[PDB]
Amino acid sequence: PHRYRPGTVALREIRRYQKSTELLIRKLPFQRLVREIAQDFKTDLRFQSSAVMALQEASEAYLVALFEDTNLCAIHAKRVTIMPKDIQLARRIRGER
Amino acid sequence: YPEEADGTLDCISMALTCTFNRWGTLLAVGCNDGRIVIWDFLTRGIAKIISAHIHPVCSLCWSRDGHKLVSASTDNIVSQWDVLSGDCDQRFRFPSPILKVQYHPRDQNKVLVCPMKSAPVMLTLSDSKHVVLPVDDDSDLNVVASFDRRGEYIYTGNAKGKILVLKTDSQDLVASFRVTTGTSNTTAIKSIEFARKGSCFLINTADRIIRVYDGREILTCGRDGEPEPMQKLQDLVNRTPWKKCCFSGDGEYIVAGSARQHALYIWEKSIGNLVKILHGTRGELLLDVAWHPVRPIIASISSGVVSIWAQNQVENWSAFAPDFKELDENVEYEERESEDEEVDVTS
């Protein structure tokens, strides 16, 4: 048998995902999500593909910034794990809730 | 006067038009595949389903007796039905497709039918003796006409702008005026509707302006008159063209539906301001709007969906207590210590 101790196959894939820059979200579920929550404001809309790409890039950047600030809160509380009170704290402090 | 959402009808899809009787009990939902669905208010049920035709049923009209509808389609048959068991009494396979049917209110042998191209000619029930209503110009190809409230006259409307008035059966040319649309460019007419008390009426023009006139004013005008309107209605912000207009149960609150946005606008006859804008599903396009005569609830026909718009009596019901008025702070008054008329009951 062969196993790694936990944390090793975290730190690798951290270096890997900080090198590679493409999408990280499969685009047809995201396009169906956009069409779902745009159904409720107007029926029979018609998205260009570049608009869906722009929404994908903006939402990806927003989630990455939110997880960086959540990581700062979690290291501040003398833990390593992330719990949802950290995310609620970060959106409380930033001024969006 | 309607202010809520209050519910809707997912019963039978592909709704196209409806209207009411004098009493406001049923609801004749016109359908695309040649059907008239009849639904009830106070029992909320569907009594009779007349599977009339297969073609789009365009126009409908109830009569006063509570027995005789009249309709037409791209089947192009001036039909008739009865609500007891669905009895198609008559069947008039005719050319030149139809837009609107209209009875005389009490002489219900005479119905008034608008064809596609030429003048509306007064049909009957039994005989084919249609009474030709003479339109002079005849180059407009879309001319609409109607009765007054009591069936005492015939009002007409061309596409140029000239309005002529005839007697209800012998066609006395008594009134003649062209409408004062713009300065150099006039406009056509799309509908003219009438109340249940009084002789005020609206002129649904096609430069996005509703104009309102009275019957006594134009009978005083008569031949070669220039009747000024009682009221000029529009909406300059949203720049909206109109589809179908109607009146209130007293002829006070004009209910005109849009043609772009699925919204109702409600005015007053006297003052002339907007009072409330109604709304619904933002992703529809509205065709027909029904007003209820004795109790102000509206029906809206779009995408096969018909909606009931009441006001819920949010004030309260006050059936039990005309007495028992409220004291806010604890008011105390505890000092105190303690065959004239004969009316015919059998009337």
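Sequence order as written determines residue numbers, which begin from 1 on each chain and need not coincide with the entry numbering; residues that lack coordinates are not included. Think of it this way: whatever chain is written first is A, whatever ligand is written first is 1, and the rest follow in order. All values in this description refer to the chains shown, which are themselves only part of a larger assembly. Only hydrogens and water are removed before side-chain values are computed, so all heavy atoms of the structure are retained for them.

- This deposited entry lists cryo-EM as its structure determination method and 4.0 Å as its resolution.

- Per the PDB entry, chain B goes by Retinoblastoma-binding protein 5 and derives from Homo sapiens.
- Here chain B is described in UniProt, under the heading Subcellular location, as follows: "Nucleus". UniProt positions are given in the numbering used here, feature names are shortened, and annotations may be inferred rather than shown by experiment.

- The PDB entry annotates chain A as Histone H3 originating from Xenopus laevis.
- What UniProt states about chain A under its Sequence similarities (unreviewed entry) heading is, verbatim, "Belongs to the histone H3 family."

1. Examining the overall build of chain A
Here is step 1: Of regular secondary structure, chain A possesses four helices and zero strands.
Here is step 2: Only DSSP runs of H or I with at least four residues qualify as helices, and only runs of E with at least two residues qualify as strands; both kinds are numbered from the N terminus onward. Going residue by residue from the N terminus, the α and β elements of chain A occur as α-α-α-α.
Here is step 3: Each radius of gyration reported is based on C-alpha atoms, and the globular scaling rule is 2.2 Å times the count of residues to the power 0.38. Over its C-alpha trace chain A gives a radius of gyration of 18 Å, far above what one expects of a compact globule, namely 13 Å for 97 residues.
Here is step 4: For every residue, the accessible area obtained with a 1.4 Å probe (protein chains only) is divided by the maximum for its type, and the residue is called buried under 20%, exposed over 50%, and partly exposed between those limits. Looking at chain A as a whole, 12% of its 97 residues qualify as buried.
Here is step 5: Relative to all contacts within chain A whose residues are 6 or more apart in sequence, the contacts with residues 24 or more apart total 46%.
Here is step 6: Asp and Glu are treated as the negative residues and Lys and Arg as the positive ones, with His and the ends of the chain left uncounted. Here the site of a charge means NZ on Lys, CZ on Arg, CG on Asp, or CD on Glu. With 19 positive and 11 negative side-chain charges, chain A shows a separation of 7 Å between the mean positions of the two kinds. Whether two residues touch is decided by their heavy atoms; if any such pair falls within 4.5 Å, the residues are in contact.

2. Remarks on the nonpolar core
Residues and elements named next belong to chain B.
Here is step 1: Core analysis: the largest hydrophobic core is formed by 15 residues, its most contacted members being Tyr-155, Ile-192, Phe-201 and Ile-203.
Here is step 2: Of all elements in the fold, only strand 15 (162-167), strand 16 (175-178) and strand 18 (200-205) reach the threshold of two or more residues within this core.
Here is step 3: Among residues more than four places away in sequence, those in contact with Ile-203 are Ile-189, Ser-191, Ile-192, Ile-209, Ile-210, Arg-211 and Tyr-213.
Here is step 4: We define the nonpolar core as a collection of buried residues of types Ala, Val, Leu, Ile, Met, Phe, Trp, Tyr and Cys that are connected through side-chain atoms lying within 4.5 Å of one another. Within the second largest apolar cluster, 14 residues are counted, among which are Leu-9, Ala-15, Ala-290 and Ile-301.

3. Topic: the sheet that holds strand 12 (residues 121-124) of chain B
Residues and elements named next belong to chain B.
Here is step 1: Spatial ordering of the open sheet is given by 10-11-12, a layout of three strands whose pairing is antiparallel. Because the sheet does not close on itself, it has two edges, and the strands there are strand 10 (100-103) and strand 12. Across the sheet, the axes of successive neighbouring strands diverge by a mean angle of 30°, strand direction being ignored.
Here is step 2: Pairing between two strands is assigned when DSSP locates at least 2 bridges connecting them. For strand 11 (residues 110-114) and strand 12, the ladder comprises four bridges, and the chain directions are antiparallel. Looking at the pairing, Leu-112 lines up with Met-122 of strand 12. A fitted line through C-alpha atoms serves as each axis, taken over the contacting stretch for helices, and the angle formed by two N-to-C directions is quoted from 0 to 180°.

4. A closer look at a positive patch on the surface
Here is step 1: Taken together, the side chains of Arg22(B), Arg64(B), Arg106(B), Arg149(B), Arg150(B), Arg196(B) and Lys197(B) make up a positively charged region of the molecular surface.
Here is step 2: Along the chain, the position of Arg149(B) falls in the loop between strand 13 (144-147) and strand 14 (153-157). The residues that make up patches have over 30% relative accessible area and no salt bridge, and they are joined within 9 Å when like-charged or within 5 Å when they are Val, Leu, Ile, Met, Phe, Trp or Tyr. Accessible surface is estimated by sampling points in the Shrake-Rupley manner with a 1.4 Å probe; for residues, cover comes only from the protein chains shown. The rule for a salt bridge is simple: a side-chain nitrogen of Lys or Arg has to be within 4 Å of a carboxyl oxygen of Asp or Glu.

5. Focus: helix 3 (residues 49-76) of chain A
What sets the pattern is the α-helix's 3.6 residues per turn: residues three or four places apart point alike.
Residues and elements named next belong to chain A.
Here is step 1: Take the residue count of a helix, subtract one, and multiply by 1.5 Å to get its expected span. Helix length check: helix 3, at 28 residues, gives a terminal C-alpha distance of 41 Å against a target of 40 Å (1.5 Å per residue), a fit within 8%.
Here is step 2: Buried residues of helix 3: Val-52, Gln-56, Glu-60, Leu-66, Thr-70, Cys-73 and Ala-74, and no others.
Here is step 3: Downstream of helix 3 by one or two residues, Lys-78 has phi in the positive range, about 60°.

6. What about the packing of helix 2 (residues 27-39) of chain A against helix 3 of chain A?
All names here are of chain A.
Here is step 1: Running from amino to carboxyl end, helix 2 crosses helix 3 at an angle of 100°, the nearest separation of the two axes being 11 Å. By the criterion of interaxial angle, the relationship of helix 2 to helix 3 is roughly perpendicular. Touching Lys-27, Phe-30, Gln-31 and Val-34 of helix 2 are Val-52, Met-53, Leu-55, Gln-56 and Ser-59, all from helix 3.
Here is step 2: Classification used: nonpolar for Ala, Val, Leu, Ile, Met, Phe, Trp, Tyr, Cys and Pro, charged for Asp, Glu, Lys and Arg, polar for all others including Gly. When its residues are assigned to classes, the contact of helix 2 with helix 3 shows five nonpolar, three polar and one charged. Orientation labels follow simple angle bins: below 35 degrees gives roughly parallel, above 145 gives roughly antiparallel, 65 to 115 gives roughly perpendicular, and whatever is left gives oblique.

7. As for empty space enclosed by the protein
Where empty space is left becomes clear once a probe the size of a water molecule has been rolled over the atoms.
All names here are of chain B.
Here is step 1: For the largest cavity, the calculated volume is near 100 Å³.
Here is step 2: The definitions used throughout rest on a 1 Å grid laid over the protein atoms alone, on which a cavity is an enclosed set of points accommodating a 1.4 Å probe that cannot get out and a pocket is an open set flanked by protein within 12 Å on both sides along at least five of seven lines; lining residues are those having an atom within 4 Å of a point. Around the largest cavity, the lining residues are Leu-9, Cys-11, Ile-12, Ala-15, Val-29, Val-37, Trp-39, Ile-46, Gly-304 and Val-306.
Here is step 3: Looking at the lining of the largest cavity, its residues break down into nine nonpolar, one polar and no charged.
Here is step 4: Grid points are joined across faces, edges and corners, and a volume is the space filled by probe spheres set on the points. One number sums up the size of the second largest cavity: a volume of about 60 Å³.
Here is step 5: As for the second largest cavity, its lining consists of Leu-69, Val-70, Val-78, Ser-79, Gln-80, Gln-90, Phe-92, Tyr-103, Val-111, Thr-124 and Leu-125.
Here is step 6: Across the lining of the second largest cavity, the residue classes tally to seven nonpolar, four polar and no charged.

8. A word on unusual backbone geometry
Residue and element names in this part refer to chain B.
Here is step 1: Unlike most non-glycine residues, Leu-141 shows phi in positive territory, near 65°.
Here is step 2: With respect to the helices, strands and loops of the structure, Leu-141 is situated in the loop between strand 12 and strand 13.
Here is step 3: You can call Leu-141 partly exposed: its relative accessible area is 42%.
Here is step 4: You will see that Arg-239, though not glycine, has its phi angle at about 60°, which is positive.
Here is step 5: Relative to the helices and strands, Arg-239 is located in the loop between strand 20 (231-233) and strand 21 (242-246).
Here is step 6: The exposed category is assigned to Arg-239, whose relative accessible area is 52%.

9. Observations concerning the pairing of strand 11 of chain B
Residues and elements named next belong to chain B.
Here is step 1: Within strand 11, four of the five residues are buried, which leaves the element mostly enclosed by the surrounding structure.
Here is step 2: In the sheet, strand 10 pairs with strand 11 via four bridges, with the strands oriented antiparallel. Across the sheet, residue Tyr-103 finds its bridge partner in strand 11, namely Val-111.
Here is step 3: Between strand 10 and strand 11, which pair antiparallel in sequence order, lie six residues.
Here is step 4: Connecting the antiparallel pair strand 11 and strand 12 is a turn made up of six residues.

10. Observations concerning the environment of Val111(B)
Here is step 1: By secondary structure assignment, the location of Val111(B) is in strand 11.
Here is step 2: Those residues in contact with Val111(B) that sit more than four places away from it in its chain are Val70(B), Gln102(B), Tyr103(B), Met122(B), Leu123(B) and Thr124(B).

11. What about the environment of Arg216(B)?
Here is step 1: Within the secondary structure, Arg216(B) sits in helix 1 (residues 215-221).
Here is step 2: Placed 18 residues apart in sequence, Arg216(B) and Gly198(B) show a C-alpha to C-alpha distance of 9.7 Å.

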